[PDB]
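# Structural characterization, general
Here is what each chain is made of, one letter per residue.
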Amino acid sequence: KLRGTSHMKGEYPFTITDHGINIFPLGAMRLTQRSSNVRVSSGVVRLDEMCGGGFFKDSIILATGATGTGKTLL
Amino acid sequence: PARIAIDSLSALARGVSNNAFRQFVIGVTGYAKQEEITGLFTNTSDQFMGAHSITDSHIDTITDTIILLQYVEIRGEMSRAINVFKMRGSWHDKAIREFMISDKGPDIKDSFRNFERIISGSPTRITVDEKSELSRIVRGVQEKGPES
Amino acid sequence: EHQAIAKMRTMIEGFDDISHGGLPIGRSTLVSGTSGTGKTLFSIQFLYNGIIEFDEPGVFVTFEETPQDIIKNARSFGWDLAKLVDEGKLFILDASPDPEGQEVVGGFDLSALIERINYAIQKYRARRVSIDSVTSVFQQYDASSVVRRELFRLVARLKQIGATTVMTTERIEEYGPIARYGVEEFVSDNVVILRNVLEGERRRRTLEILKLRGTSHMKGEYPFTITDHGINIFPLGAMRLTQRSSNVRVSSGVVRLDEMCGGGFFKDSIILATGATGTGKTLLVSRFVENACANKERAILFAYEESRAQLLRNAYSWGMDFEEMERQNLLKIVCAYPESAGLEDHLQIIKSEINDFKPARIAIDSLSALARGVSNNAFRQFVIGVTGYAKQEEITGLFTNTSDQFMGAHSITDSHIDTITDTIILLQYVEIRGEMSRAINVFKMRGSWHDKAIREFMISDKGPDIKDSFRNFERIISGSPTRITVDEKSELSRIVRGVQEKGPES
Amino acid sequence: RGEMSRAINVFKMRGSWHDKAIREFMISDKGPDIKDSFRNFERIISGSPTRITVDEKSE
Ligand SMILES: Nc1ncnc2c1ncn2[C@@H]1O[C@H](COP(=O)(O)OP(=O)(O)OP(=O)(O)O)[C@@H](O)[C@H]1O
Ligand SMILES: Nc1ncnc2c1ncn2[C@@H]1O[C@H](COP(=O)(O)OP(=O)(O)OP(=O)(O)O)[C@@H](O)[C@H]1O
Ligand SMILES: Nc1ncnc2c1ncn2[C@@H]1O[C@H](COP(=O)(O)OP(=O)(O)OP(=O)(O)O)[C@@H](O)[C@H]1O
Ligand SMILES: [Mg+2]
Ligand SMILES: [Mg+2]
Ligand SMILES: [Mg+2]
Ligand SMILES: [Mg+2]
Ligand SMILES: [Mg+2]
Ligand SMILES: [Mg+2]
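Looking now at the overall build of chain C. A tally of regular secondary structure across chain C gives 14 helices and 22 strands. Expressed as lengths along the three principal axes of its C-alpha atoms, the size of chain C is roughly 110 × 45 × 40 Å. Evaluated residue by residue, chain C yields a buried proportion of 54% over its 506 residues. In chain C, the share of contacts with a sequence separation of at least 24, taken over all contacts with a separation of at least 6, comes to 68%.

See below:
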């Protein structure tokens, strides 16, 4: 509590390092990430063609599959 | 870095609770999203073939583009296959392709067109009279055209 | 009203509903809870409101906080108790001990205090009274039996005086005893309990009325939030089922669909769009929000999966420029991580934003996003909320739900919200010849007729294209169909040879 | 054919190339005698296969 004002409610994980306390407001970060129309290769030209030209520079790419399928390669 | 990659988020979700994982993901995800860093995350589905869900941990939603690898039982042999399941900004291919791994790398060949139930890993080969119709012996209407 | 007890209005949002009218007049209500639970706000706000809406001067007794501080803090929400104390509408009565004190004084002071309070009320002609943390008073050196007697006295003098008091109290455990000494619970006329349940790192505050000696009220815990406006409770169970229903129609942003929908969605309906990840629920919503703007209506989009930036890249790639939509002051996008608050909070942020903008169309992209980690009973209860609000407000709704398993989903929703929604538009993948193809289906419409066809649809730069169904297919829902042909080649436009042209001319 | 026959397979080899076939294999006083694959079966992995015996192309 902070009699008199507002704040963020809940627990928050922080880490004691060589630079003291470091708290990560994993709920404070805002949904204002920058997004463009740029492309980038992958290391696989054909894959680049299937994806439509290439992975966007601004994005997250996920690679699923059973053990041994070859994500580590990609 | 301009590009970051984490091999097996599936490794990090070992033991740790779900909610605590999803939190980590959102974390390493958004920091890379706002900082202009392209990132490739690796997930290993606990069960080869027959996997009914993209990720056991249900992260698939917090992602932009999904690339999927999955074994396909073909004639007593375990072959790979790849699919750009989804991409938010682009068009991307909808063909579940085959692919070999060599000393050179990943060669993405064709799709399994003559099959059914591919996603289940153990597909059903099904040509038995390919698209040329029972008229491969074209009936016999064409018996008038050539003469003397 | 049929209630043997005449109640007084707190004017705190929804408390009155929960208490079926507000506090009983001439009695005392124990409002207790742990630390930072809302006690002092409630009390303060209880006096305030009686002052601003009924000109009912009030007396506020403090045992720990300083009279300067109760004023200082009270500005946080935007009230000037100062001025009120100036007009003599609010007398603050300081009973905090001193920074340079002694030891011993809690019985003849309880008598002196009663005699004190009687005065202030007599002098200010007050009708409302608060007593903050009586607990801290016996917190000098006492035991159960001495408290009960000393409370009883105060309460009894208060009721003889005819005052409608409110006493705050502390507890240690969120679910254990109600009060500290475990005696306040039985000497009060009414008991209001405030909790700040931790549970999974987040924090949820609820308000409960255990008892009102004399009347009915709303049983159980009810969520509430503290904001720049004070306390705010949501009677998620008091929300009656008497929402208006019309036969009007509204586009879906996509024509073919509309057809499929008997003629465009109902103005008064909750719309559910399920399907595997990547099926294009997001797309559809974008069109649904767009169309309202193309017709000059206001609509909000609450996105819990995509950034406001990305939401625009993709929206443009699908044609439809959201930029303008923001400019013409017709579309308003929100964006919020579900982990950036609890359900009680998100529910209100939505409502609020729904008021400051008066949408006609609302679209929450990914309810299954909000379902992350929450207990189903807590989620279902959220859904009912947003949904309900939207229904009783004539605001069409388009909700989105993503299924945990692509292809092979034996259920519309994993949270079984199915029956809350009025219309359902389904999306899924179809492994047709080594290829993942999209298929759209209008599963159910409550008031219309809607097509019963599982049409294939392809996504393009222009957007959604609704073709035809895989008639010659069995096990379609299986995700990976089987193809049986009694025909196919059948008419439609046989005539072989050279049927086409090419890019040159036709 | 109503018999519990074994099969071996190198599922994944990180460095090497390893064979991809699912090979039949028996056991005797000599040890493991790996045989041929089930080239003409479907759903081996599942355990309860299904011979294809495709009518070739049927001429
Ligand atoms: N030099 C190579 N030549 C042919 N095939 C190879 C070669 N190296 C690896 N492979 C094949 O690729 C697979 C290796 O998988 P990969 O390293 O891509 O990562 P993964 O499947 O995502 O994760 P993990 O390595 O833990 O299994 C092997 O199962 C094997 O069949
Ligand atoms: N403007 C505000 N907006 C949002 N929250 C606020 C605001 N002002 C105060 N709060 C919150 O309200 C709480 C204040 O509690 P309050 O002073 O009403 O009584 P209490 O915690 O029940 O008892 P005590 O006075 O002993 O702490 C704090 O926990 C704080 O986080
Ligand atoms: N410009 C485009 N052209 C062709 N297809 C596109 C285009 N944009 C997106 N798509 C397709 O639509 C999908 C994007 O999904 P969409 O944003 O519509 O929401 P969703 O699938 O319902 O939910 P989520 O995006 O959270 O997975 C991609 O996977 C892709 O196949
Ligand atoms: Mg692996
Ligand atoms: Mg690996
Ligand atoms: Mg998604
Ligand atoms: Mg306190
Ligand atoms: Mg207090
Ligand atoms: Mg989405």
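Take the packing of helix α5 (residues 108–124) of chain C against helix α7 (residues 144–160) of chain C next. Helix-helix packing is characterised by the crossing angle of the two axes and by the distance between the axes. Residue and element names in this part refer to chain C. Two elements in contact, α5 and α7, have axes whose closest approach is 10 Å; the angle formed by their N-to-C orientations is 15°. In terms of orientation, α5 lies roughly parallel with respect to α7. Handedness of the α5/α7 crossing: right-handed. Between α5 and α7, the residues in contact are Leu110, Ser111, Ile114 and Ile117 and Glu150, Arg153, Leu154 and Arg157, respectively. Of the residues assigned to the contact of α5 with α7, the class counts are 4 nonpolar, 1 polar and 3 charged.

Once that is clear, we can look at the UniProt feature "binding site: Mg(2+) 2" in chain C. All names here are of chain C. Taken from the UniProt record, the annotation "binding site: Mg(2+) 2" applies to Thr282 and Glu305. The greatest C-alpha distance among the residues just named is 9.7 Å, despite their covering 24 residues of sequence, which places them together in space. Its location among the elements puts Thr282 in helix α9 (residues 281–294). Taking the relative accessible area as the measure of exposure, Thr282 reaches 18% and is therefore buried. Here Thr282 is in contact with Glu306, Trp318 and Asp365, once residues within four sequence places are set aside. Positionally, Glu305 belongs in the loop between β13 (299–303) and α10 (310–317). Take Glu305: its relative accessible area is 16%, and that puts it in the buried class.

Residues and elements named next belong to chain C. Assigned domains of chain C: these are domain 1 (1–236) and domain 2 (237–484). On a C-alpha basis, the centroid separation for the pair domain 1 and domain 2 is 45 Å. Counting residues at the interface gives 14 residues for domain 1, matched by 11 residues for domain 2. The interface formed by domain 1 and domain 2 includes 5 residue pairs in polar contact. Of all the secondary-structure elements, those providing two or more residues to the side of domain 1 that touches domain 2 are β7 (204–212) and β8 (222–227). Broken down by element, the side of domain 1 that touches domain 2 gets its largest block of residues, 5 residues, from β8. Partitioned by chemical class, the residues of the side of domain 1 that touches domain 2 number 7 nonpolar, 3 polar and 4 charged.

Its boundaries defined by the atoms lining it, the second largest pocket holds a volume of some 1,300 Å³. Lining the second largest pocket are 31 residues, with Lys131 of chain B together with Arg433, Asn472, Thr485 and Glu488 of chain C positioned closest to its centre. Element by element, the count of residues in the lining of the second largest pocket is highest for strand β20 (residues 464–469) of chain C, at 3 residues. The residue inventory of the lining of the second largest pocket, partitioned by class, reads 9 nonpolar, 7 polar and 15 charged.

Let us look at the interface of chain A and chain C. Quite often, the size of an interface is put as the accessible area lost when its parts meet. Taken together, the contact between chain A and chain C spans 20 residues of the former and 23 residues of the latter. Surface buried jointly by chain A and chain C totals about 1,800 Å² across both partners, of which 52% is contributed by carbon and sulfur atoms. Our count for the contact surface shared by chain A and chain C stands at 1 salt bridge. A salt bridge links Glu65 of chain C to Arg3 of chain A; the shortest N-O distance between them is 3.6 Å. At the junction of chain A with chain C, the criterion picks out 7 residue pairs in polar contact. Class assignment for the residues of the side of chain A that touches chain C results in 4 nonpolar, 9 polar and 7 charged.

This part takes up the site of ligand 2. What surrounds ligand 2 is a group of 18 residues, the closest being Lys1 and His7 of chain A together with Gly36, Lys39 and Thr40 of chain C. Neighbouring residues of ligand 2 are distributed over chains A and C. Within the backbone of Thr5 of chain A, one N or O atom sits 3.1 Å away from a nitrogen atom of ligand 2. Backbone polar atom of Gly36 of chain C to an oxygen atom of ligand 2: 2.7 Å apart, as the coordinates give it. For ligand 2, whose free accessible area comes to 640 Å², the fraction covered by protein is 91%. Elements represented by at least two residues in the shell around ligand 2 include exactly α2 (39–54) and β8 of chain C. In terms of residue count, the dominant contributor to the shell around ligand 2 is α2 of chain C (3 residues). Of the residues that constitute the shell around ligand 2, the class distribution is 3 nonpolar, 10 polar and 5 charged.

Right, let's get into the site of ligand 1. Residues in close proximity to ligand 1 total 18 residues, the closest being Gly68 and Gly70 of chain A, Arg80 of chain B together with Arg14 and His18 of chain D. Ligand 1 sits at the junction of chains A, B and D, each of which supplies nearby residues. Within the backbone of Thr69 of chain A, a nitrogen or oxygen atom sits 3.2 Å from an oxygen atom of ligand 1. Burial of ligand 1 by the protein chains amounts to 86% of its free accessible area of 640 Å².

Let's shift gears to a nonpolar patch on the surface. On the surface, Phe14, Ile16, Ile21 and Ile23 of chain A cluster together into a nonpolar patch covering about 450 Å² of accessible area. Examined against the element boundaries, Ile16 of chain A turns out to sit in strand β1 (residues 14–17).

Let's shift gears to the side chain of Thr274 of chain C. Looking at where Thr274 of chain C falls in the secondary structure, it is placed in strand β12 (residues 270–275). Dropping the residues within four chain positions of it, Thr274 of chain C is found in contact with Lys281, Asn401, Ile412, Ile424, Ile425, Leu426 and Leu427 of chain C.

Residues and elements named next belong to chain C. Strand order across the open sheet formed by 9 strands is β3-β2-β4-β5-β1-β6-β7-β8-β9, with mixed pairing between neighbours. Every interior strand has two partners, whereas the edge strands, β3 (90–94) and β9 (230–233), have only one. Ignoring strand direction, the axes of neighbouring strands in this sheet form an average angle of 25°. Relative to strand β5 (residues 164–169), strand β4 (residues 128–132) runs parallel, the two sharing 4 bridges. Looking at the pairing, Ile131 lines up with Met167 of β5. α2 rests against β1 (28–33), β2 (58–62), β3, β4, β5, β6 (190–197), β7, β8 and β9 of the sheet, and its axis sits at about 165° to β4.

This part covers α10 of chain C. For an α-helix the count is 3.6 residues per turn, leaving residues at separations of three or four pointing the same way. Across the 8 residues that make up α10 of chain C, a large majority, 6, are buried. Considered for burial, the residues of α10 of chain C that qualify are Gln310, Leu311, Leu312, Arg313, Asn314 and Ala315 of chain C. Buried positions along α10 of chain C lie against β4 (55–56) of chain A, α2 (18–34) of chain B together with β13, α11 (322–327) and β14 (331–333) of chain C. Within two residues after α10 of chain C, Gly319 of chain C carries a phi angle of roughly 75°, on the positive side.

Next up on the list: empty space enclosed by the protein. All names here are of chain B. All told, the structure shown has 13 cavities of 30 Å³ or more when counted by the stated rule. By volume, the largest cavity amounts to about 170 Å³. As for the largest cavity, its lining consists of 18 residues, and the residues nearest its centre are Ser45, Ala51, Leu68, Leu69 and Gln70. Tallied by class, the residues present in the lining of the largest cavity amount to 10 nonpolar, 8 polar and no charged.

All right, on to the state of the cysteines then. Residues and elements named next belong to chain C. The tally for this structure, following the rule as stated, stands at 0 disulfides over all chains. Free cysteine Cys261: the closest other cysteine sulfur is in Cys293, separated by 20 Å. Given a relative accessible area of 0%, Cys261 falls into the buried group. Residue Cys335 stays outside any disulfide, its sulfur separated by 15 Å from that of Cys293, the closest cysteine. For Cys335, a relative accessible area of 7% puts it in the buried group.

About the criteria used
- Residues numbered from 1 in each chain as written, not as in the entry; some residues may be left out.
- Chains lettered and ligands numbered in written order.
- Part of a larger assembly, values for the part shown.
- Heavy atoms only, no water.
- Helix = DSSP H or I, 4+ residues; strand = E, 2+ residues; numbered from the N terminus.
- Buried < 20%, exposed > 50% of the residue type's maximum accessible area, 1.4 Å probe, protein only.
- Contact = heavy atoms within 4.5 Å.
- Axes fitted to C-alpha atoms, helices over the stretch in contact; angles between N-to-C directions.
- Parallel < 35°, antiparallel > 145°, perpendicular 65-115°, else oblique.
- Left-handed = near helix turned anticlockwise from the far one by under 90°.
- Nonpolar A, V, L, I, M, F, W, Y, C, P; charged D, E, K, R; others polar.
- UniProt positions renumbered as here; feature names shortened; annotations may be inferred.
- Domains from an automatic or database assignment.
- Polar contact = N/O pair within 3.5 Å; in protein donor to acceptor, adjacent residues only side chain to side chain.
- 1 Å grid on protein atoms, 1.4 Å probe; cavity = no way out; pocket = protein on both sides within 12 Å on 5 of 7 lines; lining within 4 Å.
- Points joined across faces, edges and corners; volume = space filled by probe spheres on them.
- Buried area = accessible area lost by both parts, 1.4 Å probe.
- Salt bridge = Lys/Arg side-chain N within 4 Å of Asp/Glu carboxyl O.
- Near = heavy atom within 4 Å.
- Areas by Shrake-Rupley, 256 points an atom, 1.4 Å probe, with all protein chains shown as cover.
- Patch = residues over 30% accessible without salt bridge, like charges linked within 9 Å, V, L, I, M, F, W, Y side chains within 5 Å.
- Pairing = 2+ DSSP bridges.
- Disulfide = S-S within 2.5 Å.

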